[PDB]
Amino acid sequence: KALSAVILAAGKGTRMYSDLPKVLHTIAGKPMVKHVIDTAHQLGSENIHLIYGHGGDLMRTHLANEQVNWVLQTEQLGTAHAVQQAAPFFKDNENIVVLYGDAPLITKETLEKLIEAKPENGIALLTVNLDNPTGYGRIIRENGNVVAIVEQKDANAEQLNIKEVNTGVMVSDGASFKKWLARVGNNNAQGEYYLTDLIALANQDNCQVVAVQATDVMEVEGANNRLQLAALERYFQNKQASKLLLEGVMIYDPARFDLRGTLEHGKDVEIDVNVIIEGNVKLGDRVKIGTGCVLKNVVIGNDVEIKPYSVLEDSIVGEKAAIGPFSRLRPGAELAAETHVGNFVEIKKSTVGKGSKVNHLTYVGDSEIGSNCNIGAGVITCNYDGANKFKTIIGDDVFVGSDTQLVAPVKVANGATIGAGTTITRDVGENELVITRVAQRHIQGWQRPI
């Protein structure tokens, strides 16, 4: 049976004290509403109807490439009225699941179990058990089937002791939503059309409402301020970390590990404390990552060690390379197998060939470096004033002496040797040795002012 989803995303989020609307704030680097859209897509939703309102232009800007139907709410008349704006697009046959863009951790696993429990022409309601259910609408069963949701203020002494509560998440067929939504009224203290009233309208219509319990309460929690958002963040990180650990990734402290994206991993991977993994990252077998490292959108080959406080982005690193500590790889850095990148070294948009070393106090930008080169301490690739970032091409088996400037555009051919302190502006031929002739003045018996 086909499926579609409706996601409520119109709220201002006043208590975030932000210019962003509520659902654009991120969990693990991704907006809360994108978590729900992605979950709804994993379930196999055919359409996703996004009820939006506050921060409308920002929603459109930030979610421009999402495959959703953009349903604009111009006034807050409650959850039933919100869903009814999407109702004309519901297929009579096809289940509709209702979700909330500010409760982002709802799992596919829980939702497909909710969808399974839905009786034909009925409703499946997601519920949760709280130790202190004060403030939340209680589930009343008769027997095993939900007959009513009794709000805090209406509940008698014994109903107040019901620990099972309403989450707001609900599944029913499209024909049934169209029917019941048109019957919902707003005769209550707030004057709003409540989606909760579909439970009453279903029973009044002799239709079955079945309750399904959530696995974790955190998966129905919403974030109304940054403190609550931070609690959803730590729960989500802990759960990502636990999954990786059971898969065999040795994360030394899972409370000091952050994944903000996707991680593919080999076996015997070791990750020390305070590491941040962003975007799409792939790690081969026996990769070791030291403390403080940040990896964003990188592929790391088998048997690579990354030493402490290295920052890597949009880069490729071949097997058996050694990086760090204090290394920086900027976008376009491609390191071949068995390369060495050391402390206080920045590599931007450059390819470095097999076995080559760049171990100290060096900037290599917009370059090609061949295999088994030795790039000395203090070497800098640079440009003329008014230039447009031109290229430095270094061949195989080249020795570049310490504190040499390579002035692009320039080529240094295979087997060349460049002495320390050189300024290289002209192409260097194959097996050419280039030494700087210094002039010095020596003064004997110069007493220092000490």
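Numbering starts at 1 and runs along the sequence shown. What we label the rigid core is the largest C-alpha set whose atoms superpose within 1.5 Å from one form to the other.
- Looking at 148 to 156 and 231 to 239, the one farther from the shown form in 8 other deposited structures of this protein by average CA distance, after a rigid core fit, turns out to be 148 to 156.
- Root-mean-square C-alpha deviation from the shown form, taken over all structures in 8 other deposited structures of this protein superposed by the rigid core, is larger for 75 to 83 than for the alternative among 75 to 83 and 376 to 384.
- Taking only CA atoms, the mean B-factor in the PDB entry is higher for 201 to 209 than for the other of 201 to 209 and 256 to 264.
- Per-stretch averaging of Cα B factors for 279 to 287 and 143 to 151 places 143 to 151 on top.
- Highest CA B-factor among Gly378, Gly185, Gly342, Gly353, as stated in the entry: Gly185.
- Of the candidates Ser310, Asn372, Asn93, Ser315, the PDB record gives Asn93 the highest C-alpha temperature factor.
- Ranked by C-alpha B-factor against the other modelled residues of its chain, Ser327 falls in the lowest third.
- In this PDB entry, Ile7 carries a Cα temperature factor that places it within the lowest third of its chain's modelled residues.
- In the PDB entry, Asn121 places in the highest third of its chain by CA B-factor.
- Split the chain's modelled residues into thirds by C-alpha temperature factor. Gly101 is in the lowest one.
- Among the modelled residues of the chain, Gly137 sits in the highest third by CA temperature factor in this PDB entry.
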